[PDB]
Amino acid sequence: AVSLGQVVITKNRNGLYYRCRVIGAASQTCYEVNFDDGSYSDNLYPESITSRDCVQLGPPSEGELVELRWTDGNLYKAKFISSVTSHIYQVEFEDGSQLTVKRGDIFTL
């Protein structure tokens, strides 16, 4: 429930705790996929799945075999593992300083 203009406390650019204001917010949904190489990715944007229109239908079955477009520009096969949505925020200290801070790093009243 963190909102625009809300005053929170988070770590500085110096690594110290100060009150700052929330001036931005974003929701990012990322997929975890397992390649055959034994490798994986966890910052796969949903639109990159080409064997299923996840933007509309939502994420595949856990363990589902999928095809995706990779940072390659090319298409590969993989196993969909998990889906995770994260909240990220932009804060502004009394500094004038700004930083991009993860929801988990923010203390609120």
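All residue numbers are counted from 1 along the displayed sequence.
The PDB entry records a higher mean C-alpha B factor for 78 to 86 than for its counterpart among 23 to 31 and 78 to 86.
Annotation for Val55: C-alpha temperature factor in the highest third relative to the rest of the modelled chain, per the entry.
Sorting the modelled residues of the chain by their CA temperature factor places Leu109 in the middle third. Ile49 sits in the middle third of its chain by CA B factor, as recorded in the PDB entry.
Sort the chain's modelled residues by C-alpha temperature factor and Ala1 lands in the highest third, per the entry. Among the modelled residues of its chain, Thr10 has a C-alpha B-factor that falls in the lowest third, as given in the PDB entry.
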